[PDB]
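Before any comments, here is the structure.
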Amino acid sequence: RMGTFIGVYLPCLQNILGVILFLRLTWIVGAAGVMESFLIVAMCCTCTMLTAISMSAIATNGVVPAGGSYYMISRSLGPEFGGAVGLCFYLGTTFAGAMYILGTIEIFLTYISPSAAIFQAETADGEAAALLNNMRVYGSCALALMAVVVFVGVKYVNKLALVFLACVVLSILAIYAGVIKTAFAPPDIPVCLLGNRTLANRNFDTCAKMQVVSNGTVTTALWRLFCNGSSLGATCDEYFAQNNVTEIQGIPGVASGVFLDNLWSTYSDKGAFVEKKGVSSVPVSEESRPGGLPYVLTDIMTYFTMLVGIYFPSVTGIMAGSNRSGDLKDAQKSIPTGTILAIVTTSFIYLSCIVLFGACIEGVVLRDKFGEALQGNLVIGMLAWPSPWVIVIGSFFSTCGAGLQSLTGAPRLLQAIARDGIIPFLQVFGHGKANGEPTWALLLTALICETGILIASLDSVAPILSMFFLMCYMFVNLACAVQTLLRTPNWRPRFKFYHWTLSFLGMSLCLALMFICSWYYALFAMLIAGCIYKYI
Ligand SMILES: *[C@@H]1O[C@H](CO)[C@@H](O[C@@H]2O[C@H](CO)[C@@H](O[C@@H]3O[C@H](CO)[C@@H](O)[C@H](O)[C@@H]3O)[C@H](O)[C@H]2NC(C)=O)[C@H](O)[C@H]1NC(C)=O
Ligand SMILES: *[C@@H]1O[C@H](CO)[C@@H](O[C@@H]2O[C@H](CO)[C@@H](O[C@@H]3O[C@H](CO)[C@@H](O)[C@H](O)[C@@H]3O)[C@H](O)[C@H]2NC(C)=O)[C@H](O)[C@H]1NC(C)=O
Ligand SMILES: [Cl-]
Ligand SMILES: [K+]
């Protein structure tokens, strides 16, 4: 028997906090402004808070059965809602596992061991075409190893969830320690630029121009990289000879300097240079030549309503506190307080991190997303106090642990759906090992997660996860609303602060979020969502 803290509040903090806060929150604050990102996080936290209130009403209605969240949802709501919500949350869990192991592999390939990942080509576009294949092969390897270890060592991972959560909370503590200690002695982070273009200092040092005085008349290492020859006047690029070089102080301390700079959105295109406003730059207007030059070039084009689909997995995962409802003591009291306090905690964390990222990191550093301008390091790791080597290993361990947790929880939930004869076409996934864990569902989960991982892009596998979780939350909200609306013979919720209009407002809210994220998926998603509903 467990209580309130370890029973509910820690698993929610464990599975909510994940890869996005470490790998894409800074890029999101950079591409949009502080205001747009504020609006994004307000929406994505309001939908989850309203869904949590409705789910707490479910949790306090009646005698909650023991087991997972599916038993609660099925017993309280109708059976057909149970199957639809279970299918949606199952697909969400497996695609979230795909995204989490993708984040693990991205960390390992990009930040820790760059002298790795053999599957590469030597061409300007060859790297952009071979990164996907390299991430695909490492993804297949990691998924296979993950399924193998979760098929054997199930008694190992549950004792390791404590270590995973300790690692991620230590990472958050380090980020706050850095953002507080930057007020007295900010670090000396150099970022070099020609004006409205900035350079990726992976290779060179001392970004000053032609002659650093060793004897006074030797070319800079940067000079050779732009110019054809290591000599003066060796037919260098015209943009190099028109514009000057300078060095800006990346990550200034949080004092009145950059908050007004990073305020409004930019919404750059794909392939354009990352630009700093204010500095003077003359144009050329006859040549671009972006291939082999050390300019940092952007990722996929950034417009609003795409950042919603990138960001939303950062706030999801609230069905975890309702996962261990069998082993609680007075679960109807533990769940509605623990879940809502968890969402309040994570929303406070995200709002604080946004308002601090807007006010400490330079706006040209924010749009890096790969650390190409900070000597190939991590930007949020360079923000931390002791060393960036704690944040990279922290995110590595936490993301690998979250992936293990998803690959543990999704097959058990699929097995619990299949045991009930709600789906007669999929009864075969009811066989399990004599110990009691599922075996045949694990194959299907690993296969669906591989189908997810073959897309091999964290920025285009996140919207699928977002749409699935939005559909699940919308179904739960609509179910509670219409249940208390039609005054069903068995719907007696005992939660104090629960209306019929509050769940309706949540339903409409993340309906608008789904419609604003991607509408082309939304059409056929709502089409099949109604179609699976009538079959039962
Ligand atoms: C390279 O960086 C320097 C900043 O150190 C800038 O070039 C600077 O440009 C200004 C404006 O043309 C120059 O000032 C002028 O200076 C002369 C010097 O006698 C003065 O008589 C004029 O009244 C005027 O104030 C300044 O000398 C020059 N500094 C240099 C070359 O070190 C500029 O930001 C960059 N140059 C570019 C983009 O061409
Ligand atoms: C960084 O420096 C460049 C180099 O001067 C500047 O580019 C300026 O960017 C604006 C907005 O993209 C351009 O404006 C628009 O240009 C089109 C081109 O025909 C014109 O038809 C529109 O009416 C509008 O004025 C501007 O031409 C361009 N100036 C240049 C290239 O000399 C700007 O300071 C920075 N680049 C940005 C913000 O993209
Ligand atoms: Cl959830
Ligand atoms: K999450």
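For the sequence shown, the numbering used here assigns the number 1015 to the last residue and increments by one with no breaks.
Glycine included, C-beta positions come from ideal geometry on N, C-alpha and C.
| Check | Outcome |
| --- | --- |
| Could you spell out where the alpha helix (DSSP H) holding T525 opens and where it closes? | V513 to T539 |
| Output yes or no for whether 8 Å exceeds the beta carbon distance between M551 and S885. | no |
| Where do the N-terminal and C-terminal ends of the beta strand (DSSP E) with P669 fall, by residue? | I668 to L672 |
| Please report how far the alpha carbon of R615 lies from the alpha carbon of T602, in whole angstroms. | 19 Å |
| With contact counted as at least three CB pairs below 8 Å, one residue from each stretch, are the segment 737–749 and the segment 828–843 in contact? | yes |
| Any heavy atom of ligand 1 inside 7 Å of the beta-carbon of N680? | no |
| Closer than 6 Å from C-beta to any heavy atom of ligand 3: which residues, in chain order? | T795, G796, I797 and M798 |
| When the distance is taken between beta carbons, is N680 closer than 8 Å to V758? | no |
| In chain order, what residues of the same chain lie with their CB nearer than 7 Å to the CB of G850, ignoring the 5 residues before and after it? | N856, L857 and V858 |
| Does any heavy atom of ligand 4 sit closer than 7 Å to the C-beta of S767? | no |
| Check whether the segment 948–966 touches the segment 566–579, taking contact to mean three or more Cβ pairs, one atom from each stretch, closer than 8 Å. | yes |
| Leaving out five residues before and five after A596 in sequence, what residues of the same chain have Cβ atoms less than 8 Å from its Cβ? | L588, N613 and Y617 |
| Please report how far the alpha carbon of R971 lies from the alpha carbon of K812, in whole angstroms. | 16 Å |
| Quick check: is any heavy atom of ligand 1 less than 7 Å from the C-beta of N613? | no |
| For the beta strand (DSSP E) that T698 lies in, which residues bound it at each end? | Neither: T698 is in no beta strand (DSSP E) and is coded neither H nor E. |
| Three-state secondary structure (DSSP) at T677? | strand |
| For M551, name the three-state secondary structure that DSSP assigns. | helix |
| Count the other CB atoms within 10 Å of the CB of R846; is the residue buried (16 or more) or exposed (fewer)? | buried |
| Kindly provide the chain-ordered list of residues whose Cβ lies closer than 6 Å to any non-hydrogen atom of ligand 1. | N722 and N723 |
| Check each candidate in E841, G750 and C524 and name the one with the smallest Cα separation from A607. | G750 |
| Tell me, please, whether the segment 707–727 touches the segment 657–668 by the rule of three or more beta-carbon pairs shorter than 8 Å. | no |
| Helix, strand or coil: how does DSSP classify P815 here? | helix |
| At a cut of 8 Å, does the segment 509–519 reach the segment 781–790 through at least three beta carbon pairs? | yes |
| Just how far apart, CA to CA, sit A1004 and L776? | 35 Å |
| Would you say the beta carbon of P972 comes nearer than 7 Å to a heavy atom of ligand 2? | no |
| Pairing CB atoms from the segment 891–908 with CB atoms from the segment 532–544, are three or more of them under 8 Å? | no |
| Leaving out five residues before and five after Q962 in sequence, what residues of the same chain have Cβ atoms less than 6 Å from its Cβ? | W970 |
| Please classify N722 as buried or exposed, where buried requires at least 16 neighbouring CB atoms within 10 angstroms. | buried |
| Determine the direct distance from the alpha carbon of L581 to that of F908, and round the result to whole angstroms. | 27 Å |
| Using only alpha-carbon positions, find the residue among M780, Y829, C671 and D899 that is nearest to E841. | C671 |
| Enumerate, from N- to C-terminal direction, the unbroken alpha helix (DSSP H) stretches of 4 or more residues contained entirely within the segment 970–1005. | 979–996 |
| For ligand 4, is there a heavy atom less than 7 Å away from the beta-carbon of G497? | yes |
| Is any non-hydrogen atom of ligand 2 found closer than 7 Å to the C-beta of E754, if you look at the structure I gave you? | yes |
| What ranges does the alpha helix (DSSP H) occupy inside the segment 742–819, keeping only unbroken runs of at least 4 residues that lie completely in it? | 785–790 |
| Grouping DSSP H, G and I as helix and E and B as strand, with all else coil, what is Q728? | strand |
| Using DSSP bridges, identify the partner residues of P917. | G911 |
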